[PDB]
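Student: Attaching a single structure in structure tokens format; questions to follow.
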Amino acid sequence: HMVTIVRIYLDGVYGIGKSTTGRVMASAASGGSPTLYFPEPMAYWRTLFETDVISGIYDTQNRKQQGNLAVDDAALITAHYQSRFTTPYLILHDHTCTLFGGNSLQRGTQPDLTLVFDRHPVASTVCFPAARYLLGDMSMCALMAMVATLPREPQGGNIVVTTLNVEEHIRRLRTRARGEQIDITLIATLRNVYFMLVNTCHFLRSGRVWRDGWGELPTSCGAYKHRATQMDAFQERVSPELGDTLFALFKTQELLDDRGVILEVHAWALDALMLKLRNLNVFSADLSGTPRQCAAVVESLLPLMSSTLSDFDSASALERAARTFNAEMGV
Amino acid sequence: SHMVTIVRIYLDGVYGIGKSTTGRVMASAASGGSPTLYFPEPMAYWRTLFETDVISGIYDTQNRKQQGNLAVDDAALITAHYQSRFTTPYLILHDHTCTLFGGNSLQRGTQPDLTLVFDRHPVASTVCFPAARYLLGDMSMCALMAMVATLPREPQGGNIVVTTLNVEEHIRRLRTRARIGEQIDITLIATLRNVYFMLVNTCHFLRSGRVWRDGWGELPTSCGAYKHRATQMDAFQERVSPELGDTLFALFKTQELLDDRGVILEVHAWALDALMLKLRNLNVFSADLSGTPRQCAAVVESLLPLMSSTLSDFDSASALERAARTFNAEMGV
Ligand SMILES: Cc1cn([C@H]2C[C@H](O)[C@@H](COP(=O)(O)OP(=O)(O)OP(=O)(O)OP(=O)(O)OP(=O)(O)OC[C@H]3O[C@@H](n4cnc5c(N)ncnc54)[C@H](O)[C@@H]3O)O2)c(=O)[nH]c1=O
Ligand SMILES: Cc1cn([C@H]2C[C@H](O)[C@@H](COP(=O)(O)OP(=O)(O)OP(=O)(O)OP(=O)(O)OP(=O)(O)OC[C@H]3O[C@@H](n4cnc5c(N)ncnc54)[C@H](O)[C@@H]3O)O2)c(=O)[nH]c1=O
């Protein structure tokens, strides 16, 4: 008994609908075949240790403004809690990775098993870090630090970057939290970072590498940074330029030598990013309709996705991992 | 298509023991053996390549701790951030060289076509130093987990040699560099020494073919006492037949990671699994450096019969030679 598994990482900017979405896809209410959902590791972040890292992050963007903590220092304290967000993702990823199996193909069929992970390690190792850096809240050096910890995606992974029109995105961000300030720049920049990420996988699928069109590309400075904070600045592109992708932000003096050439060690890092994101078959989804509709939109690009071949012990082991994960990541 | 036999060695252990000097000799042709490339410590990355020198910073933040001007709360957060900054260049190097070692790792008891000495394995900055900072109360168990998790998986064929030294001689050396009213910081040194014994014992335990679970639920729930004892000099040693108590696993049995029943949470057992898996491709050895640089170089060398080799190709071997040349340039001073 071999099993055909398809794994989906649902990802994108927060407050868009994605968690409702996967949670619906998982629930017995959608039909199709067995669908297991791995939720966000909330408990890990909030209750399992003395410090609640979400409550800590913003607590520091407050302090840094409230004229009470060195601006230099909140860039370190925040860098740190950004690190803490990654941990449970890396643990999950380590545990699940042996079990997905091999023989990744686009089979066209329905799989015996469907997994939906709420977010891929890329979100908290590259994307959120990249955004905090563009906002000046975190240094290049520190972005490097985090990007370096992204694990290699094994074969057959599928990442669906969820999207939404801005209007509606603001409506759903008020319905959830008010009192506290929403942070419209973080949202604007994250929207851009996620487009950049999507562009990046399309870039790689098109067979290019980060060196291609690197010389031509302009150095990326205050001007380029600020632009990533503006809304709509970037968008999905099936044939992107280098500058439409995540690599563009790494061309800065910080990483360049006396004559404008990127250091070999830094090229190595850009190399590793490109390696790690390569087994990630990229898709988009607009989360405009109702949770049930959103679900069927994700479920509709199932025939396009990458399936693996697993043995019946591991299937079982993933389902156990599913049960446990939902259980302990509780609240 | 031409087949090259590589053996890689990670020299590791407590700082100030002689390891970097040893490695430079193993590289030097005068020490015979097989051609040796030596990847040094990523100094430049840490100190010069960015606006902040992680070595200055770190201690400058332990200083503002005792010396009122910055919170005790923040120190264990800025210090952790800096500990994380130490690991970056090692992860980068690891990612660059890993896909070049090739496979077929088989302890072949002969001299290899070539030898790579890396100064330190990712384990040093993602497990060992973090573990010691936690045992000293400078860092939380949760911060620890945030770093333990970022150990990369060692591929087949990795050999790690934990360097050792009697305490007299080790201290002597420490004062030999340093110089002029600089404090040493025995406290850390003592804990790091214990952590590295825990590590040699850990991989033994694991090669033995034991898992972290064997003997777990009968092991004393480690907390207050255990932390003191980890910081006490020579509390730990290289055990011949190590048990769970002697290993790095012991320190993760704390209230912080159990439920109301005294049972480790499953997500925590997973983190424990990961670490056990990565620590399974490292062939572990210990080497003593009381001899002279040459003697030391020979002590590590004589082990080679015991070490494991991978088969790479000529074009890969030749990129390692560049890799080593590049790393050496970009990291000096
Ligand atoms: C990963 C990461 C996160 N964070 C920070 C950023 C955030 O401030 C915070 C929590 O981030 P979270 O992702 O853990 O949890 P949420 O804040 O809940 O954001 P989500 O990731 O869950 O976004 P979703 O949009 O997937 O969440 P969801 O709850 O589905 O959507 C929010 C609201 O929209 C409505 N909704 C959902 N679907 C809807 C639909 N189809 N129609 C109408 N409304 C819909 C629901 O009523 C819900 O109230 O953590 C970091 O700082 N660094 C990091 O690396
Ligand atoms: C990796 C890491 C480092 N740090 C911090 C802790 C430390 O304070 C600092 C040093 O970082 P480093 O280890 O790159 O720099 P060093 O302090 O130089 O330590 P080494 O790695 O070089 O240790 P070694 O023992 O290899 O250094 P070495 O210079 O070889 O030895 C010290 C002295 O002993 C003499 N010596 C060497 N071999 C000798 C021999 N055989 N006989 C007699 N003397 C010998 C040498 O002349 C030298 O002066 O960085 C962290 O906080 N966290 C981390 O994760």
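Naming scheme: A, B, ... for chains in displayed order of the structure tokens; residues 1 onward per chain; ligands 1 onward as shown.
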Taking only C-alpha atoms into account and nothing else, which residues of chain A lie no more than 7 Å away from chain B? Please answer as a PyMOL selection string.
Tutor: chain A and resi 49+76-77+80+83-84+87+90-91+94-95+141+145+148-149+254+264+268-269+272
Student: Include N, CA and C atoms and write out the residues we just selected as a short mmCIF file (atom, residue, chain, number, x, y, z; two decimals), in the first residue's frame.
Tutor:
```cif
data_model
loop_
_atom_site.label_atom_id
_atom_site.label_comp_id
_atom_site.auth_asym_id
_atom_site.auth_seq_id
_atom_site.Cartn_x
_atom_site.Cartn_y
_atom_site.Cartn_z
N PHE A 49 5.64 29.37 26.96
CA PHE A 49 6.82 29.88 27.67
C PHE A 49 6.48 31.14 28.44
N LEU A 76 17.25 45.32 17.91
CA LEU A 76 17.83 44.04 18.32
C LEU A 76 16.78 43.19 19.04
N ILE A 77 16.09 43.79 20.01
CA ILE A 77 15.03 43.11 20.75
C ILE A 77 13.93 42.55 19.83
N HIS A 80 15.13 39.66 17.75
CA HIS A 80 15.10 38.46 18.55
C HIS A 80 13.76 37.72 18.60
N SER A 83 13.08 35.94 15.49
CA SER A 83 13.71 34.61 15.60
C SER A 83 12.81 33.57 16.25
N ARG A 84 12.11 34.00 17.29
CA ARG A 84 11.29 33.12 18.11
C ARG A 84 10.06 32.64 17.37
N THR A 87 10.89 29.19 15.36
CA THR A 87 11.15 27.93 16.05
C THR A 87 10.15 26.81 15.81
N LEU A 90 10.22 25.31 12.25
CA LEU A 90 11.39 24.51 12.00
C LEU A 90 11.25 23.14 12.63
N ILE A 91 10.66 23.09 13.82
CA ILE A 91 10.37 21.83 14.52
C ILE A 91 9.38 21.01 13.72
N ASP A 94 11.02 19.71 10.53
CA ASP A 94 11.93 18.60 10.83
C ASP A 94 11.19 17.28 11.05
N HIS A 95 10.01 17.34 11.67
CA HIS A 95 9.31 16.14 12.06
C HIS A 95 8.58 15.53 10.89
N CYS A 141 22.49 42.77 8.09
CA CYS A 141 23.14 41.77 8.92
C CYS A 141 22.14 40.85 9.63
N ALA A 145 21.11 36.98 9.02
CA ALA A 145 21.06 36.03 10.13
C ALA A 145 19.89 35.06 10.07
N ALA A 148 19.44 32.81 6.62
CA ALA A 148 20.38 31.71 6.63
C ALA A 148 19.80 30.45 7.27
N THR A 149 18.77 30.61 8.11
CA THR A 149 18.15 29.48 8.83
C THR A 149 16.96 28.79 8.13
N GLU A 254 26.28 47.42 1.91
CA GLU A 254 26.55 46.51 3.05
C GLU A 254 27.22 45.21 2.62
N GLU A 264 32.01 37.05 -2.12
CA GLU A 264 31.79 35.62 -2.37
C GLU A 264 30.94 34.91 -1.32
N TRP A 268 27.22 33.19 -1.77
CA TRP A 268 26.89 31.90 -1.21
C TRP A 268 25.52 31.86 -0.53
N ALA A 269 25.18 32.93 0.20
CA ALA A 269 23.90 33.01 0.89
C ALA A 269 22.75 33.13 -0.10
N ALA A 272 22.14 29.84 -1.56
CA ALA A 272 21.41 28.94 -0.65
C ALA A 272 19.92 29.24 -0.61
#
```
Student: Mind checking DSSP for stretch 87-320 of chain A and telling me the alpha helix (DSSP H) residues as a PyMOL selection string?
Tutor: chain A and resi 87-96+122+128-134+140-147+166-174+184-205+222-229+264-276+291-300+312-320
Student: Extract, using only C-alpha atoms, all DNA, RNA and protein residues at most 8 Å from stretch 55-67 of chain A, discarding same-chain residues fewer than 3 positions from it, and format them as a list in words.
Tutor: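 What passes the distance filter is residues 46, 51, 52, 70, 71, 74, 77, 78, 81 and 82 of chain A.
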Student: May I have the residues from that selection written out with C-alpha atoms, as a compact mmCIF listing (two decimals), in the first residue's frame?
Tutor:
```
# COMPACT_ATOMS: atom_id res chain seq x y z
CA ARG A 46 2.03 32.81 23.51
CA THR A 51 7.04 35.30 27.31
CA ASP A 52 4.39 35.85 24.64
CA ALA A 70 17.18 53.11 22.38
CA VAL A 71 15.97 53.03 18.72
CA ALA A 74 14.51 47.82 19.73
CA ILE A 77 15.03 43.11 20.75
CA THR A 78 12.59 42.90 17.82
CA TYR A 81 11.36 37.88 18.88
CA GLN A 82 11.32 37.60 15.07
```
Student: Ligand 2: which residues are within 6 Å, counting only C-alpha atoms and all ligand atoms? Reply as a VMD selection string.
Tutor: chain B and resid 15 to 21 41 83 86 124 to 125 129 173 176 to 177 289 to 293 296
Student: For the structure I just gave you, how does DSSP split stretch 59-194 of chain A - specifically, which residues are strand (DSSP E)? Reply as an MDAnalysis selection string.
Tutor: chainID A and resid 102:105 113:118 157:163
Student: May I ask you to write as an MDAnalysis selection string all residues lying at most 6 Å from ligand 1, with only C-alpha atoms and all ligand atoms counted?
Tutor: chainID A and resid 14:20 40 54 82 85 123:124 128 172 175:176 289:291
Student: Just want the 12 Å neighbourhood of residue A:184, counted on only C-alpha atoms, with same-chain residues fewer than 3 positions away dropped. Output as a PyMOL selection string.
Tutor: chain A and resi 13-14+135+166+169-170+173-174+181+187-191+229-231
Student: Can you tell me, as a count of residues only, what residues are no more than 10 Å from residue B:205 when counting only C-alpha atoms, ignoring any on the same chain fewer than 2 positions away?
Tutor: 19
Student: Which residues are close to residue B:40, i.e. within 9 Å by only C-alpha atoms, leaving aside same-chain residues fewer than 6 positions away? Reply as a PyMOL selection string.
Tutor: chain B and resi 20+23-24+117-120+324+327-328+331-332
Student: Could you dump the residues just selected with N, CA and C atoms as a PDB file, in the first residue's frame?
Tutor:
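Below is the file that was written, out-v9.pdb:
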```pdb
ATOM      1  N   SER B  20      42.691  26.461  16.884  1.00  0.00           N
ATOM      2  CA  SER B  20      42.954  27.214  15.652  1.00  0.00           C
ATOM      3  C   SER B  20      44.394  27.082  15.196  1.00  0.00           C
ATOM      4  N   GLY B  23      44.853  23.532  13.719  1.00  0.00           N
ATOM      5  CA  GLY B  23      44.350  23.447  12.359  1.00  0.00           C
ATOM      6  C   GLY B  23      45.260  24.047  11.299  1.00  0.00           C
ATOM      7  N   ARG B  24      45.846  25.203  11.613  1.00  0.00           N
ATOM      8  CA  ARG B  24      46.794  25.844  10.703  1.00  0.00           C
ATOM      9  C   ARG B  24      47.998  24.946  10.422  1.00  0.00           C
ATOM     10  N   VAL B 117      39.904  20.734   7.009  1.00  0.00           N
ATOM     11  CA  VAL B 117      39.731  21.083   8.411  1.00  0.00           C
ATOM     12  C   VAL B 117      38.873  22.324   8.509  1.00  0.00           C
ATOM     13  N   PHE B 118      37.681  22.191   9.086  1.00  0.00           N
ATOM     14  CA  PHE B 118      36.860  23.354   9.422  1.00  0.00           C
ATOM     15  C   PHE B 118      37.063  23.720  10.880  1.00  0.00           C
ATOM     16  N   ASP B 119      37.266  24.997  11.142  1.00  0.00           N
ATOM     17  CA  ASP B 119      37.358  25.443  12.517  1.00  0.00           C
ATOM     18  C   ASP B 119      35.960  25.618  13.084  1.00  0.00           C
ATOM     19  N   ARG B 120      35.502  24.587  13.790  1.00  0.00           N
ATOM     20  CA  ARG B 120      34.170  24.549  14.408  1.00  0.00           C
ATOM     21  C   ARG B 120      33.077  24.072  13.460  1.00  0.00           C
ATOM     22  N   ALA B 324      37.764  27.465   0.104  1.00  0.00           N
ATOM     23  CA  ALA B 324      38.725  27.633   1.192  1.00  0.00           C
ATOM     24  C   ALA B 324      39.581  28.864   0.985  1.00  0.00           C
ATOM     25  N   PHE B 327      37.145  31.914   1.500  1.00  0.00           N
ATOM     26  CA  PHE B 327      36.779  32.069   2.893  1.00  0.00           C
ATOM     27  C   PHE B 327      37.940  32.674   3.657  1.00  0.00           C
ATOM     28  N   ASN B 328      39.163  32.230   3.368  1.00  0.00           N
ATOM     29  CA  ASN B 328      40.341  32.663   4.121  1.00  0.00           C
ATOM     30  C   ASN B 328      40.613  34.130   3.937  1.00  0.00           C
ATOM     31  N   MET B 331      37.778  36.599   5.405  1.00  0.00           N
ATOM     32  CA  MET B 331      37.556  36.494   6.859  1.00  0.00           C
ATOM     33  C   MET B 331      38.701  36.922   7.794  1.00  0.00           C
ATOM     34  N   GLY B 332      39.887  37.207   7.232  1.00  0.00           N
ATOM     35  CA  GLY B 332      41.082  37.556   8.004  1.00  0.00           C
ATOM     36  C   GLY B 332      41.039  38.855   8.813  1.00  0.00           C
TER      37      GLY B 332
END
```
Student: Nearest to residue A:295 among A:2, A:143, A:116, A:270, with distances taken over only C-alpha atoms: which residue is it?
Tutor: A:116
